[PDB]
Amino acid sequence: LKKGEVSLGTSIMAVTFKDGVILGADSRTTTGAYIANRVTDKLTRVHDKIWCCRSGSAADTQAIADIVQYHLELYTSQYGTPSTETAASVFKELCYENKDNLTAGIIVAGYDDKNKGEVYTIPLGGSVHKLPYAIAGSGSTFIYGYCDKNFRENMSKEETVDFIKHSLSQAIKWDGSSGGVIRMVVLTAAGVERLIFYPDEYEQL
Amino acid sequence: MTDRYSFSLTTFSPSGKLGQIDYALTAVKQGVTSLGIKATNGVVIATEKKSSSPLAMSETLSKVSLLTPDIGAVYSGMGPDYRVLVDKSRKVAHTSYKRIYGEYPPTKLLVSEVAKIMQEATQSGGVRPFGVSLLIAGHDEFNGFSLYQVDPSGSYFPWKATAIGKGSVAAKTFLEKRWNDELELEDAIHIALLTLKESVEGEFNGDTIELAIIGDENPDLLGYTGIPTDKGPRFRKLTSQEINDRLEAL
Amino acid sequence: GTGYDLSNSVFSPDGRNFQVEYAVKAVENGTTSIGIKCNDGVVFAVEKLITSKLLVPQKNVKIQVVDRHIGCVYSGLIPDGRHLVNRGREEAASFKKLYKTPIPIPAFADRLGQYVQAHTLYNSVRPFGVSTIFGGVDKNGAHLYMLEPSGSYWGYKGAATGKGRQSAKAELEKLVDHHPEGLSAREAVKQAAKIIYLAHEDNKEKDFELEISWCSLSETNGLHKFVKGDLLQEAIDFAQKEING
Amino acid sequence: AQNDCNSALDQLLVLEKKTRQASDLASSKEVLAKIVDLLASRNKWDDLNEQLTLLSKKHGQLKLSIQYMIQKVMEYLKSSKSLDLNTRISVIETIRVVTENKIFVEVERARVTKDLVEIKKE
Amino acid sequence: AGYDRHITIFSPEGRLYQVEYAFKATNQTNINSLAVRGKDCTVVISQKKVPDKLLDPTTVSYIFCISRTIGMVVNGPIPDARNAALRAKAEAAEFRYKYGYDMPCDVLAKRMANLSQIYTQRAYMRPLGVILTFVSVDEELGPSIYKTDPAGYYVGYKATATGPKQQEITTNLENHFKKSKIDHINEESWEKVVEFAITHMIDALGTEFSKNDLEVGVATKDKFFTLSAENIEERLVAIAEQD
């Protein structure tokens, strides 16, 4: 029995654009009402071109993710590079057999060069669902209308970069367990590009 | 699969011999010169670390291992046998004295553990002993400075000064005279260098010789650069530069 | 009688134990199977020997599926082949449940492969002694692999084995060389039949029954199927044409 | 002059490209002989020596042919004499097909050397 | 000697039949490999033996990618090479899972060295005849070459060569490293190091090599990559058009 419990920024997303997927997050851990972390890395590589957003309980998500990391390292070396769908199943299996202790809201989003960019969203209790884009956490219902209407496939990188910065910066404002940095992860075949913007920046922009 | 060799692979005869052991004792002799001196003013160990190919580096080869921060070991024989037995020796030292009794092990009691593993791999069928002999040197307030040999037999004994590997008989002899009860650590480093000089020439330089001491130490690496709780561990192993410098003044 | 012929709890002076060497020799006096890689698929064919009129036509089959899109045929010792496949199934299913996808052929190959290697490092556990021609199509193409006794495997573009190997390999390389890799899957069926028919010339003191299958990306739509009906009659026609008839 | 220069460059580049270290069409021994006499008339004796050394390190067309181009060249310097005798020393020490074994019919090697010795003796 | 093939006993010789023959049989595939380190790169070039036209020329491999940084060349029979490859791949991932840090060369060497020693100690498993050349540009150890040999002995090398023509290759590496007075290549750009390597290899083995006769694996700081057919050609092309 875990004494106390932990929570994350609960507005997470993977958005498809011109050449892949751009993955976006807010990060913030709190333990009650103590701000355990301003910044966090919850922008998690599970393979070199396949990253994820972790949401739900900090203790639990991190513990799962590490196990997923071990399987997908071993998986690469032996059976060839994963897919987004391959990563997603492994995450799900671990949640489902141990949904008696686990609370993990996962978006796994990765880039493949024959599927293009792929978003697989695994809610609580665990089920694999393929969608062309995702929003998750509990703050996602409130941006459902925005996201659906302005979601467009094959949008310019500059335009997607604005769209994610804006999407979250609105979400974070109206929702209360959201906060800290907005970090973003661009996945194309040229590699992995890392964006961090601090509070004072994104609010304004 | 298992269960095909459950007879021991040492057996007796009326000469009482244990096949495996006699063969393995021979292996120790064919190692490189390693020695131990207790100077009763510390303990000094030296051995040769040597190339086996022209593009093999020797600064990726050590024969001196730390077993615990303040017990060190040296050997002659089979390289592999020494590393695997060393892992198991490390295991018991750490789990069973530093958690149970909260402190570093007493040498003689660690000598009992390492012996018991070797004697065990002979008593149990399907496997052989280790084909090495180790010299386990340590220091404690309670026991002073100490030195033991543990054989491939899983027998042990203490030895004021000893040598094993190639040129064993002569190395021990010259040493016995040069060994005093009350002996200065600098002179005891020279005697070791001097001995290894008699075993090898034409490849004998100080940066291929690896020497470690029990006595002087560096507090600044034991996290006592600041105010100490205590002085801490007495083993500190020399670098090559220190060894070469003394070789000039040999 | 050296313990390099009665035990594999040691390394040999020839780098292999005699009994594994012997497995390789017993594949070759055996039955002929081939495998034809093509630009969109793979085709399998095996010679089924007829010794009596007491046998039934195609109610004994040698090509057995693993999954639904990987086809396995093997030549050599019958019991060893059942056991290899039973294993092959347990891996394949574990993969489908666990990652939610049909298994890749280089992946599937590493899993059987590691198991053939295991039974070759113990002094009392029998080696395998079948050579398995296997393959299928996945999401980056078609692949033909061949697995040996010793745990040896590589990717092939043409493969042949058995009694009639020499003949088979001769026709097979000519045709593969002539073609970009093997041309269409459809063309390859007939060709495949000629090789097996041609190999049968090396053993006319028995009859054969030609058995073909295929697994092709757009010419079976990702599945492994048996080759039958019209498609089997046509390959027969082509075969009896060249080898006179 | 202008003639020697066009002819020399053209036959040289093409010989190297075809022959290579492995044939593509190659060039016959005749092609390289032509190139040699062209370059001796074209430019100075020290430049000829240097350019010949540099080619021969590739592999030549065979080591024997290289010895044949030396043998010609030596005779020509000895016709002209004076400072041209000084250059004779120069060909010999630089090219190792005539100062070291590279092949085992090296009769042309001993012969070139005796020509140099005779002059030295003077 | 002893009689190591019938019972697991020692020899008075110190070295057993299983160890002695593992030293021998490591070449029958007609293979030669070398590894050199650059200033800030590590290059492996290895012979590639595609002996038939029944086989695809790029499924035949002998260089395995064990980790994302670490490469391993196995010099040995192919079942033994894959047996070692499978174990090495798990240990590399397991070490990252538990200890939170990817595998370096020396720790993989150690794990396998201990395993090989145990199977020689056992009477219930055979040891393998594999020489494992582990290579990387480690974060703390710099450019690295650590080579293991069968016995369970391993040690770190400047540079190394493997194959029956080990000796021929050695004299060329020695000559360079003395001349330059350092035990690594002065060059620092993995292209020029690859090109240099091939030069000394042609010279030693006495045949000019094609792309399908070579297979190249390159290590750099934080990445390992294999060079393809076109990639190998680009290097080869220069060596054919200079003297």
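Protein chains in written order, with UniProt numbering: chain A, 11 to 215; chain G, 1 to 250; chain B, 5 to 249; chain X, 28 to 149; chain S, 10 to 252.
Note that the Cβ used here is the ideal one computed from N, Cα and C, for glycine as well.
Taking DSSP's pairing of strands, which residues face residue i in a bridge?
i, result
"residue 194 of chain A", "A:34, A:205"
"residue 76 of chain B", "B:68, B:138"
"residue 51 of chain X", "According to DSSP, which records beta bridges pairwise, residue 51 of chain X is partnered with nothing at all."
"residue 118 of chain B", "Answer by DSSP bridge pairing: none, since residue 118 of chain B is not bridged."
"residue 139 of chain G", "G:145"
"residue 147 of chain B", "B:140"
"residue 76 of chain G", "G:133"
By the 10 Å Cβ neighbour count, where 16 or more other Cβ atoms means buried, how is residue i classified, buried or exposed?
i, result
"residue 223 of chain S", "buried"
"residue 85 of chain G", "buried"
"residue 7 of chain G", "exposed"
"residue 37 of chain S", "exposed"
"residue 32 of chain B", "exposed"
"residue 32 of chain X", "exposed"
"residue 1 of chain G", "exposed"
"residue 132 of chain X", "exposed"
"residue 219 of chain S", "exposed"
"residue 52 of chain X", "exposed"
"residue 173 of chain S", "exposed"
"residue 251 of chain G", "Because chain G here runs from 1 to 250, residue 251 of chain G falls outside it and cannot be looked at."
"residue 205 of chain S", "buried"
Shorter than 7 Å, the distance from the beta carbon of residue i to the closest heavy atom of the ligand GDP, or not?
i, result
"residue 42 of chain X", "Judged by which ligands are present, the structure shown has none, so any question about the ligand GDP falls away."
Would you kindly check if the distance between the Cβ of residue j and the Cβ of residue i is under 8 Å?
i, j, result
"residue 117 of chain S", "residue 132 of chain S", "no"
"residue 135 of chain A", "residue 167 of chain A", "no"
"residue 232 of chain G", "residue 222 of chain G", "yes"
"residue 166 of chain B", "residue 177 of chain B", "no"
"residue 39 of chain G", "residue 137 of chain G", "no"
"residue 54 of chain G", "residue 160 of chain S", "no"
"residue 125 of chain G", "residue 9 of chain G", "yes"
"residue 70 of chain G", "residue 139 of chain G", "yes"
"residue 5 of chain A", "residue 39 of chain A", "Since the first and last residues shown for chain A are 11 and 215, residue 5 of chain A lies out of range."
"residue 225 of chain S", "residue 236 of chain S", "yes"
"residue 199 of chain G", "residue 167 of chain G", "yes"
Run through chain A and tell me which residues come within less than 8 Å of residue i, C-beta to C-beta.
i, result
"residue 98 of chain S", "84, 87, 88"
"residue 105 of chain S", "79, 80, 83"
Residues of chain B with CB under 8 Å from residue i, in chain order?
i, result
"residue 138 of chain A", "104"
"residue 96 of chain A", "103, 104, 105"
Taking Cβ-Cβ distances shorter than 7 Å, what residues in chain G pair up with residue i?
i, result
"residue 251 of chain S", "Near residue 251 of chain S there are no residues of chain G at all, since even the closest Cβ is about 27 Å away, more than 7 Å."
"residue 126 of chain B", "1"
"residue 161 of chain S", "80"
Show which residues of chain G have a CB atom less than 9 Å away from the CB atom of residue i.
i, result
"residue 129 of chain B", "1"
Find the residues of chain S that neighbour residue i, judging by a C-beta separation of less than 8 Å, and give them in chain order.
i, result
"residue 5 of chain G", "16, 17, 132, 133"
"residue 127 of chain G", "17, 130, 131, 132"
"residue 177 of chain B", "62, 63"
Mind listing the chain A neighbours of residue i? Cutoff is C-beta to C-beta under 7 Å, in chain order.
i, result
"residue 75 of chain S", "87"
Which residues in chain B sit within 9 Å of residue i, going by Cβ to Cβ distance?
i, result
"residue 188 of chain A", "The contacting residues do not exist; residue 188 of chain A stays about 31 Å from chain B at best."
- prompt: Of all the residues that make up the stretch 35-55 of chain X, which are near chain S by a beta-carbon distance shorter than 9 Å?
  reply: 43, 44, 47, 48, 49
- request: Residues of the stretch 81-101 of chain G with a CB closer than 9 Å to any CB of chain S: list them in chain order, please.
  value: 81, 83, 84, 87
field: Proximal residues, the stretch 80-93 of chain X versus chain S, C-beta separation under 7 Å
entry: 81, 84, 85
task: May I ask you to list, following chain order, the residues of the stretch 19-35 of chain S that have a beta carbon less than 7 Å from some beta carbon of chain G?
output: 19, 20, 21, 23
- prompt: Taking Cβ-Cβ distances below 8 Å as the criterion, which residues of the stretch 68-82 of chain A are in contact with chain S?
  reply: 76, 77, 79, 80
- prompt: Name the residues in the stretch 165-199 of chain G whose C-beta lies less than 7 Å from a C-beta of chain S; which are they?
  reply: none
Contact residues within the stretch 13-26 of chain G, judged by C-beta distance below 7 Å to chain S: 19, 20, 23, 24, 26
task: Using a Cβ-Cβ cut-off of less than 9 Å, give me the residues of the stretch 180-202 of chain S that come near chain G, in sequence order.
output: 182, 183, 186, 192
query: When you check each C-beta in the stretch 213-224 of chain S against every C-beta of chain X, which residues fall closer than 8 Å?
result: 217
- prompt: Of all the residues that make up the stretch 51-70 of chain S, which are near chain B by a beta-carbon distance shorter than 8 Å?
  reply: 62, 63, 64, 65, 68, 69
task: Please list the residues of the stretch 135-161 of chain G that have a C-beta atom closer than 7 Å to any C-beta atom in chain S, keeping them in chain order.
output: none
The stretch 34-50 of chain B: positions lying closer than 7 Å to chain A by Cβ: none
query: When you check each C-beta in the stretch 52-83 of chain G against every C-beta of chain S, which residues fall closer than 9 Å?
result: 52, 53, 54, 55, 56, 57, 58, 59, 60, 61, 77, 78, 79, 80, 81, 83
task: Quick one: which residues of the stretch 122-136 of chain A get their C-beta closer than 9 Å to a C-beta of chain B? List them in chain order.
output: 124, 125
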